[PDB]
Amino acid sequence: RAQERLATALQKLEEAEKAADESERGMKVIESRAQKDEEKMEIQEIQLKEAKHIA
Amino acid sequence: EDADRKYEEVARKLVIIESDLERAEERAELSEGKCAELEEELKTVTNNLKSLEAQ
């Protein structure tokens with residue numbers, strides 16, 4: 001019984017670690033998406049001010 | 001693009017209308033000069049006609 005529960009806890013650890021590291025990858029790609037969003041934002045706000053001044 | 005097209009069109013109009021005005025003024029002054037020539041010629045011919053009109 002001790003060995004059985006050892007192995008089951010191990011496989012559960014494996015599953016949890018899979019989920020957690022996939023979430024880490026997702027949050028990293030999301031924060032990169034967010035900085036790219038922000039830089040596109042600054043560029044488009046600047047061209048917005050240009051267009052509005054020239055208009 | 002709206003404002004840009006509008007102003008470029010109106011600038012075209014400005015160039016063409018000022019073009020019209022320049023030679024309008026020029027030909028106006030030329031017509032004035034020719035009218036002055038007609039005036040002096042008229043005075044001279046009437047003077048000749050009145051002097052001849054004695055007899």
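Our numbering is plain: 1 for the first residue shown, then up by one each step along the chain.
For this deposited structure, the header notes the method as electron microscopy, 3.2 Å.
Note that Cβ sites are derived from N, Cα and C of the backbone, with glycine treated the same way.
Feature list (source: Swiss-Prot):
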type    : residues : note
MOD_RES : B:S19    : phosphoserine
MOD_RES : B:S31    : phosphoserine
MOD_RES : B:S51    : phosphoserine
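Feature map: Swiss-Prot annotations on the structure.
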| residue | record | DSSP class |
| --- | --- | --- |
| B:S19 | phosphoserine | helix |
| B:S31 | phosphoserine | helix |
| B:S51 | phosphoserine | helix |
Rounded Cα separation (Å) that holds between B:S19 (phosphoserine) and B:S31 (phosphoserine): 19
Neighbouring C-beta atoms (10 Å sphere around the C-beta of B:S51 (phosphoserine)): 8
Alpha-carbon spacing, B:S51 (phosphoserine) to B:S31 (phosphoserine), which is rounded to whole Å: 30
B:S31 (phosphoserine): tally of other CB atoms within 10 A of its CB: 10
